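Pasting run-v8.txt here (compact mmCIF, C-alpha atoms):
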# COMPACT_ATOMS: atom_id res chain seq x y z
CA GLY A 1 105.94 77.21 23.85
CA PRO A 2 104.66 78.79 20.62
CA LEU A 3 106.50 81.41 18.55
CA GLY A 4 106.42 83.40 15.33
CA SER A 5 109.24 85.41 13.76
CA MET A 6 110.81 85.55 10.30
CA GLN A 7 113.17 88.07 8.70
CA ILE A 8 113.30 89.04 5.03
CA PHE A 9 116.00 90.25 2.64
CA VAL A 10 115.44 93.38 0.55
CA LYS A 11 117.65 94.42 -2.36
CA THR A 12 117.68 98.12 -3.22
CA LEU A 13 118.11 99.41 -6.77
CA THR A 14 121.62 100.36 -5.68
CA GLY A 15 122.40 96.73 -4.89
CA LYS A 16 122.07 96.82 -1.11
CA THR A 17 121.13 93.75 0.94
CA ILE A 18 119.11 94.58 4.06
CA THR A 19 117.65 92.26 6.70
CA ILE A 20 114.49 92.94 8.69
CA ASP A 21 112.56 90.80 11.18
CA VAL A 22 108.85 90.40 10.44
CA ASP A 23 105.88 88.21 11.38
CA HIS A 24 103.40 86.32 9.21
CA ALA A 25 100.79 88.50 10.91
CA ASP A 26 102.29 91.56 9.23
CA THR A 27 101.96 93.02 5.73
CA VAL A 28 104.02 94.51 2.90
CA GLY A 29 102.98 98.05 3.78
CA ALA A 30 104.28 97.68 7.33
CA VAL A 31 107.52 96.16 6.05
CA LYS A 32 108.08 99.03 3.62
CA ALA A 33 107.91 101.50 6.51
CA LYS A 34 110.46 99.51 8.51
CA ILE A 35 112.96 99.62 5.63
CA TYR A 36 112.34 103.34 5.16
CA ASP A 37 113.58 104.06 8.68
CA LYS A 38 116.33 101.45 8.37
CA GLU A 39 118.13 103.59 5.79
CA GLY A 40 115.94 106.59 5.02
CA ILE A 41 114.16 106.10 1.70
CA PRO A 42 110.62 106.99 0.55
CA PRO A 43 108.33 103.94 0.88
CA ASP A 44 105.76 105.52 -1.44
CA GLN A 45 108.45 105.91 -4.11
CA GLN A 46 109.82 102.39 -3.69
CA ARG A 47 108.25 99.12 -4.86
CA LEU A 48 108.82 95.39 -4.43
CA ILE A 49 109.35 92.86 -7.23
CA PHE A 50 109.48 89.06 -7.13
CA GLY A 51 110.42 87.12 -10.24
CA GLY A 52 109.35 90.14 -12.26
CA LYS A 53 105.92 90.81 -10.78
CA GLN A 54 105.27 93.54 -8.21
CA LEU A 55 104.10 92.78 -4.67
CA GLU A 56 100.90 94.33 -3.33
CA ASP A 57 100.50 95.74 0.18
CA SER A 58 99.35 92.32 1.40
CA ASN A 59 101.60 90.34 -0.95
CA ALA A 60 104.10 89.02 1.59
CA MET A 61 102.96 87.65 4.95
CA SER A 62 99.34 86.83 4.13
CA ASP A 63 100.53 85.51 0.77
CA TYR A 64 102.30 82.78 2.73
CA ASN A 65 105.68 83.36 1.10
CA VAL A 66 107.52 85.00 4.00
CA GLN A 67 110.31 82.91 5.52
CA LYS A 68 113.15 83.38 8.00
CA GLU A 69 115.23 84.58 5.05
CA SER A 70 113.67 85.37 1.67
CA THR A 71 115.31 87.11 -1.29
CA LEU A 72 113.24 89.96 -2.73
CA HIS A 73 114.04 92.64 -5.31
CA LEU A 74 113.34 96.22 -4.22
CA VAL A 75 113.37 98.96 -6.86
CA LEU A 76 113.15 102.60 -5.77
CA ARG A 77 112.87 105.60 -8.09
CA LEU A 78 114.53 108.23 -5.89
CA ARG A 79 116.82 109.77 -8.51
CA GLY A 80 118.34 111.88 -5.75
CA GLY A 81 116.90 112.55 -2.31
CA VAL A 82 116.95 111.64 1.37
Starting from the file, lay out its structure as structure tokens.
Amino acid sequence: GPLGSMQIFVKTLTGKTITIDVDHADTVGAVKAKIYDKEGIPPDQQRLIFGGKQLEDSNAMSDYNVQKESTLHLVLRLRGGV
């Protein structure tokens, strides 16, 4: 039958590769929260960057650029915290 599932790769400012399963019916905001719990970083303090440009809250699934395994750059400005 039908199906829909695709994981993404996020790279933290500390050079950490993380994998998370997501669906095209999801959004950046939701993904950010998932990663936050994955390790324990502030989603409101972290941001996504692709090729140099930042990714909005809907710039991911709806954008039609989410695949089973995509490489994205994640930069967080924690400077010391959880």
Nearest to residue A:26 among A:45, A:7, A:12, A:70, with distances taken over all atoms listed in the file: which residue is it? A:7
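If you measure from each of A:61, A:1, A:76, A:39 to residue A:19 using all atoms listed in the file, the closest one turns out to be A:39.
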Taking 3 positions as the minimum chain separation for residues in the same chain, which residues sit within 9 Å of residue A:51 when counting all atoms listed in the file? Answer as a list in words. residues 54, 72 and 73 of chain A
Counting only C-alpha atoms, closest pick from A:60, A:3, A:74, A:30 relative to residue A:15 is A:74
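Reported to one decimal place, the separation of atom CA of residue A:27 from atom CA of residue A:13 is 21.4 Å.
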Leaving out residue A:14 and any residue of its chain fewer than 2 positions from it, which residues lie within 12 Å of it when counting only C-alpha atoms, given as a PyMOL selection string? chain A and resi 10-12+16-18+41+73-80
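In this comparison, which uses only C-alpha atoms, the residue of A:71, A:66, A:31, A:59 approaching residue A:46 most closely is A:31.
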So, counting only C-alpha atoms, which residue among A:38, A:47, A:53, A:68 is closest to residue A:24? A:68
Just the residues within 7 Å of residue A:23, please, counting all atoms listed in the file, with nothing from its chain fewer than 5 positions along; format it as a PyMOL selection string. chain A and resi 4-6
If you keep C-alpha atoms, can you produce a file of those selected residues as a PDB file, in the frame of the given file?
ATOM      1  CA  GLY A   4     106.420  83.400  15.330  1.00  0.00           C
ATOM      2  CA  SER A   5     109.240  85.410  13.760  1.00  0.00           C
ATOM      3  CA  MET A   6     110.810  85.550  10.300  1.00  0.00           C
TER       4      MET A   6
END
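The space between atom CA of residue A:2 and atom CA of residue A:64 spans 18.5 Å.
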At what distance in Å, to one decimal, does atom CA of residue A:69 lie from atom CA of residue A:49? 15.9 Å
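The residue that comes closest to residue A:20, out of A:57, A:63, A:44, A:37 and on the basis of all atoms listed in the file, is A:37.
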